[PDB]
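**Q** Handing you this structure, nothing more for now.
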Amino acid sequence: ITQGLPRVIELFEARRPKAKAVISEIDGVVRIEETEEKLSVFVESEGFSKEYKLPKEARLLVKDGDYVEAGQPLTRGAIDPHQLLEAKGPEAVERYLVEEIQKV
Amino acid sequence: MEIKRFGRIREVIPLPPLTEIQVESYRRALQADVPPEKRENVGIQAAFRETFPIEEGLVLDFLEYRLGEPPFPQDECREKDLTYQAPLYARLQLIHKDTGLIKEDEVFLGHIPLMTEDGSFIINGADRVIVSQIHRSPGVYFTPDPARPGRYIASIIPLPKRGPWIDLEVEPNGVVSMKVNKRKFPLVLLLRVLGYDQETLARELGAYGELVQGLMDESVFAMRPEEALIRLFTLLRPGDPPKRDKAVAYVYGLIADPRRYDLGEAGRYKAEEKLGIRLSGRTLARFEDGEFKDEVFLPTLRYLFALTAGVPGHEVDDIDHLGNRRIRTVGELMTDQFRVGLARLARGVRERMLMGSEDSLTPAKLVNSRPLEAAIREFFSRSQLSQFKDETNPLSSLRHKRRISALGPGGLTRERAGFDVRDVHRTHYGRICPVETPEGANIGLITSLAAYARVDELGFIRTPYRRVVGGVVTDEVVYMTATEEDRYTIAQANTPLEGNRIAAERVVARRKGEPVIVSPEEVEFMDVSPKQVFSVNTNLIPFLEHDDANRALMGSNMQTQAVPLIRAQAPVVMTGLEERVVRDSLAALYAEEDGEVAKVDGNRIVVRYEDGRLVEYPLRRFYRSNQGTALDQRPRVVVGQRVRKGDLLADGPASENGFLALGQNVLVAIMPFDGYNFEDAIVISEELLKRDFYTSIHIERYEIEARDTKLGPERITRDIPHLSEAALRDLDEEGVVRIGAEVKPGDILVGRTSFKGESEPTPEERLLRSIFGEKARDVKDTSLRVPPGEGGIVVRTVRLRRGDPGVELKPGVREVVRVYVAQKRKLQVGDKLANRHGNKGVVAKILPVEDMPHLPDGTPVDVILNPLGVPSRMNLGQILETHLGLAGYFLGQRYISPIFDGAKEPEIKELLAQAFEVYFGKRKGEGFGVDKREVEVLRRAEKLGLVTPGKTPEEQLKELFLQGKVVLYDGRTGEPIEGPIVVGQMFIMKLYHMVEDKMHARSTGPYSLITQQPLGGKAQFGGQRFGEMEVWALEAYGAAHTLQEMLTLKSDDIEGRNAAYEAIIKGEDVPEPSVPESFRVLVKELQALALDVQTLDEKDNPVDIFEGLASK
Amino acid sequence: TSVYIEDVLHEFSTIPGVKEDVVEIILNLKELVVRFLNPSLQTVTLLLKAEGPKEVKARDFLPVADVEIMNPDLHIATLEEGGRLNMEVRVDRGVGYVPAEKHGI
Amino acid sequence: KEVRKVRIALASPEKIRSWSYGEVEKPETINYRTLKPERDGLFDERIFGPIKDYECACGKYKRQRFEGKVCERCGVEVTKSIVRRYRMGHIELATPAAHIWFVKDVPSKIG
Amino acid sequence: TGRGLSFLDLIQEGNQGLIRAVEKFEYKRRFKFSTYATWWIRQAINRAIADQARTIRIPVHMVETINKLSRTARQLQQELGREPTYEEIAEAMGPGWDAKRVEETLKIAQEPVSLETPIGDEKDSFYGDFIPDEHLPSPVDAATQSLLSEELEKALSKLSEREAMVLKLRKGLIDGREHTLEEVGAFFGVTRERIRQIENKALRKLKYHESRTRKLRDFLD
Amino acid sequence: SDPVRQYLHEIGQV
Amino acid sequence: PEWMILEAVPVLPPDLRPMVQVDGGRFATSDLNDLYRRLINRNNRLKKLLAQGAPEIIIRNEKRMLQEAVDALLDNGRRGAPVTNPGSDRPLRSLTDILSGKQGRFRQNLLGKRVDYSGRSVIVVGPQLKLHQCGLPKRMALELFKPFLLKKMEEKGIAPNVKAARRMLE
DNA sequence: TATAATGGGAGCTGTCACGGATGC
DNA sequence: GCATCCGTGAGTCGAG
Ligand SMILES: [Mg+2]
Ligand SMILES: [Zn+2]
């Protein structure tokens, strides 16, 4: 049960995946806010706060109250390489692309 | 020999006529035997009735048509490069409305090609087959909207090129939109034009919760049908003046015109059954008493809203269901092109009706037949579905006639087909073969008709089943479409039966294709045979249930490629279908009635029948097929023989006593052999060539034209300049090679001289002329010689000349000469062999008989197959075939093993025991004990757990023989093979891919016009293509000089290639190349785009690669 | 090693009044077994001439001194009313297997 | 000299006319009877070059001794016929016309 | 439409005809303008169809003859139930028309076909890709020409430089053209009989060298 | 979009 | 910038758009000739309609048709309907179509070519060969090395010269 | 060269997935 | 900031 050559192409073309993972734009601590209807995740810095609203059934890669890196995945899914480039920088994208192609 | 057969299934019905999909379709289309008054409104009669009458004043009407006899028989058409066709006349009458004068006449419309008895055509002297097309049946469909999960798209689809696809959608804003010719507009407007009012729509669609409210538009009901009609016309035709009669005309032609819009009779029936309504005609609305009246739109909108709400009984449609996919056979495709040609003829008719003397106009003066002739000729000559007939062997023609394509005009485009069109649907069961399909790009797009399958009058494939009442299997058989089939619980054809009663308490059946265990009380129908699931080729694979489908695919497809052998044999393990294939293909000749044979010849067979009449059958002898394989019938009866109805009189090509004979039955050992069978290569015994096994006759046609030129006539002659008697030895007086001569590469087949071009002799020519004192002759040698690597024995010469009787050639040519050269090909290293289970390989080694592994009694094997080809490919049927062939080799008999009613292992074991009796008791009676090498091999086999310890040598040899294994001695050493090897008789075919046809090489040759690069193909003595990927190879190696040499010296550097050839013949190293010509072509073609391309040096100063020849 | 038949130009022909083609006739002639009694004898040309309804076998060859046909029951042709066969077959000494394309005799 | 770079740039109407060896005035290819190139047509030897090597259309000068000589009767230069692959012609338009490459390739450069 | 010209092309040619009709109309005749305009409009449309439709241009009278031949063959086939032979067409055309003339008229009317005409189902091949280039010499031809020049110089060195030079001037090896005896004699300063005599003796020595060494025989084809 | 439609409109003005 | 508008349309050298006589004596020709002919017919008719002072609607139609002629010549099917020869749905092959695509100039004749001294045949296992070896048929190798063979035949006595050796191998 | 004649006719079909300029 | 329309692509050699 693998993604295969379509995944390889999705990577070599730097395309934004269909079922993408939401990543944090900055560092901070995670405060989960889950209504029975809607679900959101807050990444809070010592002076800043960011809010990521996502569908209710999305799987979380993060436990509440955790310190996450800028560009760290919060949801399960394939990272948008351009979001990773903006958040974490070039070396991060190079690592990600190489490892993701090699997985296939 | 004796033919022992297995299987317990009694097939209630025989296979239907295997070419009926072609013959019956064309018969239905032409109605040539139906008297004109009795003809139906279908076929080309339908085309006539749709095109006619023709109005505007003047009126031209259609009365009837008739078809004459072919001006030439099929054979004479094949020889004279003509077309087997019948003249088409149509009785017409011109009527002036005001005058009342009626002039009637029978006009000639050209010719229509006739279908031969076997189901093919003869177009320009070549046999051709019109391949049936598969497509989405017309009608009304409801599919899920992929974007909006709760909404559905309704699609009204007419026949191809018979109207626009109309889509109805529930928009996000609530209003129901209609899309036609890619124009979205609110459906309420059209509903108003149809005469509907808000009262009727409210009482019809109000039951659905607020869905009718998206249909409520007040600005629409505020206007009468005329105002809404002009509104629609303005919405559909921007800029076109919104005239009233023009709007009525356009809307009528878009929706209600039966001569422009046409669902199928299938589309009519399907829309009737789906929407639960009735249809007066094959259109969406009608024009009655000056207004429009609805037929389809309101039922479709009602069904759409009911499906959107979720009311029961309304379901989305599977567009890959074989109840929604239909087949366009020869009749339908030919009739479509006929209708198009007729429409063009009618346009010309109206054109001539506007002009000319209005009083004196016969139908002949009005009808220009040429557009219809052109449409028909274009269809039969250059259609994607009009394919060169595959007559490699009888089965080739049969399978070709049973093909089904999704490609072609009106079908799907390449790369436009996804997984869905290519998947095998659950409804393909018994209709389309699940295994016979190409590998590669066309997979799932080209398929084959199942053996028991039939195409009904509406074009859907039907399969037969047997009625089951109260657990009793009747002999009544019912043909069903997939729609009908889904209604019933249908048991498998292998359910146990005592008499006609189901014997098992639990029965395996299908409900809507899903497998289920069910009671005999629950069984409604039952399969006719396992044979009905597969194609004809697939039904020729014994032990099919033991072969993986991916390799059964290859085994099926490759029987099409079997070459007719001079000593062809039917397989020793058959499926019970090898006789019907010979019969229905019309290859072999049979007895029309009971009678006695009067005369038997190599050329004819004369029979006296019960009527006392003397019927003479000529035998086709050494005729060249489309692929060059010899089609000759050979007589199988003798003088004075009594024959009943249907008895064999002559064996067709690749036929042995009426059984399909595609190859040889050879003795095979399954073992590696010193790497000569490595990776599917095959080792064969030279003995096979000694007795001419896998030897085949092939005939090649060569052609030459002598034409008139502005420089004088070309002429065929024995007088060819500068050639000795050694060159002209086998040439006759006229200049043609003699019948029976042996021609090798370079030999002249037909001498021919041509007047030279206007010759300005270079000064060297003048000086050498003066030195040798010989006038430069006026003509030059253009004789047709033998291509490289071809040749044989001249068997025919045909010569046609202008000014001779019955002969008229294309304008300019004086004469045409054809030379038919035959060659007898033995099997050689590089030819291709295969078995019916997908084991294909190339002959890599032909050992002398003494090197061959042999049996203890000195019998050597024929071919050594490598066992490593078995496990990964999972095609075990060849193993069981080898076992049963060993048994039938020593018992001297053949077998019939129905595919899934096969011979099981225990019965094969019984036969193998009897064979071992024949194989070993003979030895024990002749006074020979067990050999020492057999003792060593028995020790080895005892270590392998193949034989039980402590049994006698004979007992253990029998134990092995029942496993299909024997002791085998290496022919080079005398020592045995350390293990016991599987030896037995296997059926192997010689395929059309022979190395003789494929080897090719070129030093230099012809180059193309614009690119100055070598031509392509063996026939043109061309060069091999060194594509982009080969360039990448050379780049990755860093072989810069080899690459540059490919790009310049060997392809299109003119100066470079000339200088290189001169250097090599002189003995010097090749010169540094220069600029290739195709880059100059690139530069000039960019200049033609108004783009200045400049080659510069490092000083940015231009460099002229044209060497001044382009600068003024 | 060689065959000539009157009014037959090549191997792919048929003879009127004969059932087998020339290809089958040569296939049957391949099975002819000829014994040379004189050891100095290298080549022999057997002659055959038959007509009318009959089944020409290897016996029908005109006998030659120091030449014995070891299989006289070998079938050769099935001649019909009016069928006529007139052959000259050349038989040689040799070793092994030499195909026609190699000796061209 | 050795080529080191390849430049590509727009061609002015003056540049196009500097390329052209003559204006193609008639939409005619070759004579229906002589099978020779028509005058002022798409294949006119007067513009693009001799069809035969070092021979003009009428045949007055047929040898290599005349190289570059332009005939008086037929007006065809005598050089290598290979030049018929290398010599541009042109068409002088009544009204200017837009090069569609610079119109329909989005975003339009002219736009 | 459908006679070889676009709708708009026909419309513009009819516009030319309409301009002619305007400049040639006489209202005094009390005829409406349409009656006179239609004549010139049809005239211009037909002239354009006759003059532009063919890639190889044909004179207008020849096109008229070709269309007459077409109509004649079509009437003959509509009465014969088959395509007519050249002889039946020559019969129906009247006097001066033999079968050879019908054949030559049909040969002259053959239109060219596209080098981009496709071959095959999937468009992998063109019709032009099978046309060999007959004009440009092959490497074998150029090599044979070079070897011929070199062998002729090898044979011309066995002569004295004057007789070799006379042969080269008289056959065209030097400047491309062949000189008269008078010009070679005015160059070497000798009588035309003497220059022709040394030409004969040079040819004779070459004949002897060639009979002896046979080096130039194979180039005679 | 269609040049003959454009021209037929321009013709319909006079 | 004004150079993006054409005054003088260039004409391709005729050999790159041939008009050649095929085997049977008939003629085959490139589509560029028909495109150029369309262009020249429309331009000449425009020059005449101008010289005769035609109305505005007529000159407008002529100029529109002239632009579309140039467009079909340079990139057919790019704007509007593609220009087809009569009696055929096949678009004509413009210059854009000659440059770009799988079959275009770059990919078909410049990044890869058909080549001389090349052959092909069916392969076969041949396990006796050393790793650095392959089995080459005699006739294939004769044709592939033909000039070398002519030279070596001239070196020996097998032929008097190159041309005699070639005629002997024919 | 003269009755008068005054706005066309075929699309046409089961595809993804980018980039990526125009409209809310 | 976000749907939508239009142009552009979609494997190689071989015989046709
Ligand atoms: Mg006459
Ligand atoms: Zn001249």
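By convention here, the chains of the structure tokens are called A, B, ... in the order presented, each chain's residues are numbered starting at 1, and ligands are numbered starting at 1 in the order presented.
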Using only C-alpha atoms and all ligand atoms, find each residue in chain D having at least one atom no more than 12 Å away from ligand 2; report its shortest atom-to-atom pair and that distance in Å (one decimal), rows by chain then rising number, as JSON lines.
**A**
```
{"residue": "D:45", "atom": "CA", "partner": "ligand 2", "partner_atom_place_in_ligand_line": "1 (Zn)", "distance": 10.5}
{"residue": "D:46", "atom": "CA", "partner": "ligand 2", "partner_atom_place_in_ligand_line": "1 (Zn)", "distance": 9.9}
{"residue": "D:49", "atom": "CA", "partner": "ligand 2", "partner_atom_place_in_ligand_line": "1 (Zn)", "distance": 11.9}
{"residue": "D:50", "atom": "CA", "partner": "ligand 2", "partner_atom_place_in_ligand_line": "1 (Zn)", "distance": 9.9}
{"residue": "D:52", "atom": "CA", "partner": "ligand 2", "partner_atom_place_in_ligand_line": "1 (Zn)", "distance": 11.9}
{"residue": "D:54", "atom": "CA", "partner": "ligand 2", "partner_atom_place_in_ligand_line": "1 (Zn)", "distance": 10.5}
{"residue": "D:55", "atom": "CA", "partner": "ligand 2", "partner_atom_place_in_ligand_line": "1 (Zn)", "distance": 7.6}
{"residue": "D:56", "atom": "CA", "partner": "ligand 2", "partner_atom_place_in_ligand_line": "1 (Zn)", "distance": 4.6}
{"residue": "D:57", "atom": "CA", "partner": "ligand 2", "partner_atom_place_in_ligand_line": "1 (Zn)", "distance": 5.4}
{"residue": "D:58", "atom": "CA", "partner": "ligand 2", "partner_atom_place_in_ligand_line": "1 (Zn)", "distance": 4.5}
{"residue": "D:59", "atom": "CA", "partner": "ligand 2", "partner_atom_place_in_ligand_line": "1 (Zn)", "distance": 5.1}
{"residue": "D:60", "atom": "CA", "partner": "ligand 2", "partner_atom_place_in_ligand_line": "1 (Zn)", "distance": 4.6}
{"residue": "D:61", "atom": "CA", "partner": "ligand 2", "partner_atom_place_in_ligand_line": "1 (Zn)", "distance": 6.0}
{"residue": "D:62", "atom": "CA", "partner": "ligand 2", "partner_atom_place_in_ligand_line": "1 (Zn)", "distance": 8.5}
{"residue": "D:63", "atom": "CA", "partner": "ligand 2", "partner_atom_place_in_ligand_line": "1 (Zn)", "distance": 11.6}
{"residue": "D:66", "atom": "CA", "partner": "ligand 2", "partner_atom_place_in_ligand_line": "1 (Zn)", "distance": 11.2}
{"residue": "D:69", "atom": "CA", "partner": "ligand 2", "partner_atom_place_in_ligand_line": "1 (Zn)", "distance": 9.8}
{"residue": "D:70", "atom": "CA", "partner": "ligand 2", "partner_atom_place_in_ligand_line": "1 (Zn)", "distance": 7.9}
{"residue": "D:71", "atom": "CA", "partner": "ligand 2", "partner_atom_place_in_ligand_line": "1 (Zn)", "distance": 4.7}
{"residue": "D:72", "atom": "CA", "partner": "ligand 2", "partner_atom_place_in_ligand_line": "1 (Zn)", "distance": 6.5}
{"residue": "D:73", "atom": "CA", "partner": "ligand 2", "partner_atom_place_in_ligand_line": "1 (Zn)", "distance": 5.3}
{"residue": "D:74", "atom": "CA", "partner": "ligand 2", "partner_atom_place_in_ligand_line": "1 (Zn)", "distance": 4.6}
{"residue": "D:75", "atom": "CA", "partner": "ligand 2", "partner_atom_place_in_ligand_line": "1 (Zn)", "distance": 6.3}
{"residue": "D:76", "atom": "CA", "partner": "ligand 2", "partner_atom_place_in_ligand_line": "1 (Zn)", "distance": 6.1}
{"residue": "D:77", "atom": "CA", "partner": "ligand 2", "partner_atom_place_in_ligand_line": "1 (Zn)", "distance": 8.2}
{"residue": "D:78", "atom": "CA", "partner": "ligand 2", "partner_atom_place_in_ligand_line": "1 (Zn)", "distance": 8.6}
```
**Q** For the selection just defined, write its residues with N, CA and C atoms to a file, as a compact mmCIF listing (two decimals), in the first residue's frame.
**A**
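Output (out04.txt):
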```txt
# COMPACT_ATOMS: atom_id res chain seq x y z
N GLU D 45 13.64 30.39 -60.13
CA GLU D 45 15.10 30.31 -60.08
C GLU D 45 15.74 31.69 -60.06
N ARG D 46 15.04 32.71 -60.55
CA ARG D 46 15.57 34.07 -60.54
C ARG D 46 15.81 34.57 -59.12
N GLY D 49 17.62 30.39 -56.81
CA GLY D 49 18.84 29.84 -57.34
C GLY D 49 18.64 28.87 -58.48
N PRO D 50 19.73 28.48 -59.13
CA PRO D 50 19.63 27.53 -60.23
C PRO D 50 19.21 26.15 -59.73
N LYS D 52 19.90 23.37 -61.54
CA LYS D 52 21.08 22.59 -61.85
C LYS D 52 22.33 23.36 -61.44
N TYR D 54 25.48 25.31 -61.60
CA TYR D 54 26.21 26.19 -62.52
C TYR D 54 25.54 26.28 -63.89
N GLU D 55 24.22 26.16 -63.94
CA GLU D 55 23.48 26.31 -65.18
C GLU D 55 22.23 27.14 -64.93
N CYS D 56 22.01 28.15 -65.77
CA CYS D 56 20.84 29.00 -65.63
C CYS D 56 19.63 28.35 -66.28
N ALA D 57 18.49 29.05 -66.23
CA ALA D 57 17.22 28.45 -66.65
C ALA D 57 17.20 28.17 -68.15
N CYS D 58 17.62 29.14 -68.96
CA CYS D 58 17.59 28.95 -70.41
C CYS D 58 18.75 28.10 -70.91
N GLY D 59 19.88 28.12 -70.22
CA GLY D 59 21.02 27.31 -70.60
C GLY D 59 22.11 28.04 -71.36
N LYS D 60 22.19 29.36 -71.25
CA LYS D 60 23.21 30.10 -71.98
C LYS D 60 24.59 29.91 -71.36
N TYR D 61 24.67 29.94 -70.03
CA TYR D 61 25.91 29.69 -69.30
C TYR D 61 25.72 28.42 -68.48
N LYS D 62 26.45 27.36 -68.83
CA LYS D 62 26.26 26.06 -68.22
C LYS D 62 27.48 25.53 -67.48
N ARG D 63 28.60 26.25 -67.46
CA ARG D 63 29.83 25.75 -66.87
C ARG D 63 30.21 26.58 -65.65
N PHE D 66 31.61 30.64 -65.33
CA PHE D 66 30.77 31.74 -64.87
C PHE D 66 30.31 31.43 -63.45
N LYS D 69 28.01 35.22 -62.18
CA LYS D 69 27.45 35.90 -63.34
C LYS D 69 25.94 35.74 -63.38
N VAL D 70 25.23 36.86 -63.51
CA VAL D 70 23.78 36.86 -63.61
C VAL D 70 23.40 36.94 -65.08
N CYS D 71 22.59 35.99 -65.53
CA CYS D 71 22.21 35.93 -66.93
C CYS D 71 21.37 37.15 -67.31
N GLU D 72 21.44 37.51 -68.60
CA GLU D 72 20.65 38.63 -69.11
C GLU D 72 19.29 38.17 -69.61
N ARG D 73 19.22 36.97 -70.20
CA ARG D 73 17.99 36.49 -70.80
C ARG D 73 17.00 36.00 -69.75
N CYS D 74 17.45 35.12 -68.85
CA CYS D 74 16.59 34.55 -67.82
C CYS D 74 16.82 35.11 -66.43
N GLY D 75 17.94 35.79 -66.19
CA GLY D 75 18.16 36.44 -64.91
C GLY D 75 18.45 35.51 -63.76
N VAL D 76 19.07 34.37 -64.03
CA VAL D 76 19.37 33.36 -63.02
C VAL D 76 20.87 33.33 -62.80
N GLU D 77 21.29 33.51 -61.55
CA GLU D 77 22.70 33.39 -61.21
C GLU D 77 23.17 31.96 -61.42
N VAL D 78 24.44 31.82 -61.79
CA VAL D 78 25.06 30.51 -61.97
C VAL D 78 25.98 30.27 -60.78
```
**Q** Applying 10 Å and only C-alpha atoms (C1' of nucleotides), which residues near residue I:8 remain after dropping the ones on its own chain fewer than 2 positions away? List them as a VMD selection string.
**A** (chain H and resid 18 to 19) or (chain I and resid 6 10)
**Q** Emit the selected residues as a PDB file, in the first residue's frame, including N, CA, C and O atoms (P, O5', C5', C4', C3', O3' and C1' of nucleotides).
**A**
```
ATOM      1  P    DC H  18      -1.667  19.163 -10.110  1.00  0.00           P
ATOM      2  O5'  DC H  18      -1.093  20.339 -11.038  1.00  0.00           O
ATOM      3  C5'  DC H  18       0.196  20.890 -10.793  1.00  0.00           C
ATOM      4  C4'  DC H  18       0.783  21.452 -12.074  1.00  0.00           C
ATOM      5  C3'  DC H  18       0.757  22.964 -12.195  1.00  0.00           C
ATOM      6  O3'  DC H  18       1.903  23.540 -11.554  1.00  0.00           O
ATOM      7  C1'  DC H  18       0.180  21.895 -14.275  1.00  0.00           C
ATOM      8  P    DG H  19       1.873  25.071 -11.050  1.00  0.00           P
ATOM      9  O5'  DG H  19       3.002  25.809 -11.918  1.00  0.00           O
ATOM     10  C5'  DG H  19       3.336  25.339 -13.217  1.00  0.00           C
ATOM     11  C4'  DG H  19       2.825  26.278 -14.301  1.00  0.00           C
ATOM     12  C3'  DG H  19       2.635  27.734 -13.892  1.00  0.00           C
ATOM     13  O3'  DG H  19       3.075  28.541 -14.966  1.00  0.00           O
ATOM     14  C1'  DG H  19       0.646  26.939 -14.831  1.00  0.00           C
TER      15       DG H  19
ATOM     16  P    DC I   6     -12.474  29.484 -23.013  1.00  0.00           P
ATOM     17  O5'  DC I   6     -10.918  29.381 -23.347  1.00  0.00           O
ATOM     18  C5'  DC I   6     -10.040  30.428 -22.943  1.00  0.00           C
ATOM     19  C4'  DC I   6      -8.596  30.047 -23.204  1.00  0.00           C
ATOM     20  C3'  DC I   6      -8.402  28.963 -24.258  1.00  0.00           C
ATOM     21  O3'  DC I   6      -7.321  29.313 -25.096  1.00  0.00           O
ATOM     22  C1'  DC I   6      -7.419  28.275 -22.203  1.00  0.00           C
ATOM     23  P    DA I  10       4.764  15.513 -24.656  1.00  0.00           P
ATOM     24  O5'  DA I  10       4.005  14.312 -23.920  1.00  0.00           O
ATOM     25  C5'  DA I  10       4.471  13.839 -22.670  1.00  0.00           C
ATOM     26  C4'  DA I  10       3.395  13.040 -21.961  1.00  0.00           C
ATOM     27  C3'  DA I  10       2.786  11.913 -22.770  1.00  0.00           C
ATOM     28  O3'  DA I  10       3.592  10.760 -22.675  1.00  0.00           O
ATOM     29  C1'  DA I  10       1.071  13.166 -21.736  1.00  0.00           C
TER      30       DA I  10
END
```
**Q** Ligand 1: which residues are within 7 Å, counting only C-alpha atoms (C1' of nucleotides) and all ligand atoms, as a ChimeraX atom specification?
**A** /E:90-98
**Q** With DSSP run on the backbone, what are the strand (DSSP E) residues within chain A? I'd like them as a PyMOL selection string.
**A** chain A and resi 28-34+39-44+49-54+67-68
**Q** Can you check which residues of chain I have any atom within 12 Å of chain E? Use only C-alpha atoms (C1' of nucleotides) and format it as a list in words.
**A**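 The complete set of qualifying residues is residues 14, 15 and 16 of chain I.
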**Q** Give me the residues of chain F that have any atom at most 9 Å from an atom of chain H; for each, the nearest atom pair and the distance in Å, rounded to one decimal. Use only C-alpha atoms (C1' of nucleotides), sort by chain and number, and format it as a Markdown table.
**A**
```
| residue | atom | partner | partner_atom | distance |
| --- | --- | --- | --- | --- |
| F:4 | CA | H:8 | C1' | 7.7 |
| F:5 | CA | H:8 | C1' | 8.0 |
| F:7 | CA | H:7 | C1' | 8.9 |
| F:8 | CA | H:7 | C1' | 5.2 |
| F:9 | CA | H:7 | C1' | 7.1 |
| F:11 | CA | H:7 | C1' | 7.0 |
| F:12 | CA | H:7 | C1' | 6.3 |
```
**Q** Atom CA of residue B:812 to atom CA of residue E:56: how many Å, to one decimal?
**A**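 Interatomic distance here is 17.9 Å.
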**Q** Which residues in chain D does DSSP call alpha helix (DSSP H)? List them as an MDAnalysis selection string.
**A** chainID D and resid 13:19 45:48 101:104
**Q** Next, dump the selected residues to file, keeping only N, CA and C atoms, as a CSV table (one decimal), in the first residue's frame.
**A**
```csv
chain,number,residue,atom,x,y,z
D,13,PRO,N,11.7,44.6,-40.6
D,13,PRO,CA,11.4,44.5,-42.0
D,13,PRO,C,12.5,44.8,-43.0
D,14,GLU,N,13.4,45.7,-42.6
D,14,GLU,CA,14.6,46.0,-43.4
D,14,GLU,C,15.6,44.7,-43.3
D,15,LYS,N,15.6,44.1,-42.2
D,15,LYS,CA,16.4,42.9,-42.1
D,15,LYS,C,15.9,41.8,-43.0
D,16,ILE,N,14.5,41.6,-42.9
D,16,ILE,CA,13.9,40.6,-43.8
D,16,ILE,C,14.2,40.9,-45.2
D,17,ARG,N,14.1,42.2,-45.6
D,17,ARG,CA,14.4,42.5,-47.0
D,17,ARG,C,15.8,42.3,-47.4
D,18,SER,N,16.7,42.5,-46.4
D,18,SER,CA,18.1,42.2,-46.6
D,18,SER,C,18.4,40.8,-46.9
D,19,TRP,N,17.6,39.9,-46.2
D,19,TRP,CA,17.7,38.5,-46.4
D,19,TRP,C,17.2,38.1,-47.8
D,45,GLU,N,13.6,30.4,-60.1
D,45,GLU,CA,15.1,30.3,-60.1
D,45,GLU,C,15.7,31.7,-60.1
D,46,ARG,N,15.0,32.7,-60.6
D,46,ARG,CA,15.6,34.1,-60.5
D,46,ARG,C,15.8,34.6,-59.1
D,47,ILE,N,15.0,34.1,-58.2
D,47,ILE,CA,15.2,34.5,-56.8
D,47,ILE,C,16.1,33.5,-56.0
D,48,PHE,N,15.7,32.2,-56.0
D,48,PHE,CA,16.2,31.3,-55.0
D,48,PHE,C,17.5,30.6,-55.5
D,101,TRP,N,2.7,35.1,-32.8
D,101,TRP,CA,3.5,34.6,-31.6
D,101,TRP,C,3.5,35.7,-30.5
D,102,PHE,N,3.6,37.0,-30.9
D,102,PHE,CA,3.6,38.1,-30.0
D,102,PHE,C,2.2,38.7,-29.7
D,103,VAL,N,1.2,38.0,-30.2
D,103,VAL,CA,-0.2,38.3,-29.9
D,103,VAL,C,-0.9,37.3,-29.0
D,104,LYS,N,-0.8,36.0,-29.3
D,104,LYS,CA,-1.6,35.0,-28.7
D,104,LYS,C,-0.8,34.2,-27.6
```
**Q** Show me which bits of chain E are within 7 Å of chain D, counting only C-alpha atoms, as a ChimeraX atom specification.
**A** /E:55-58,108,175-177
**Q** Selected residues, C-alpha atoms, written as a short mmCIF file (atom, residue, chain, number, x, y, z; two decimals), in the first residue's frame, please.
**A**
```
data_model
loop_
_atom_site.label_atom_id
_atom_site.label_comp_id
_atom_site.auth_asym_id
_atom_site.auth_seq_id
_atom_site.Cartn_x
_atom_site.Cartn_y
_atom_site.Cartn_z
CA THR E 55 -1.43 24.33 -56.65
CA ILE E 56 -0.05 23.89 -60.18
CA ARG E 57 -1.78 26.70 -62.06
CA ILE E 58 -3.61 25.74 -65.26
CA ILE E 108 -1.82 16.97 -67.14
CA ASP E 175 38.39 26.54 -66.88
CA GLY E 176 35.26 24.40 -67.34
CA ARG E 177 34.75 24.94 -71.08
#
```
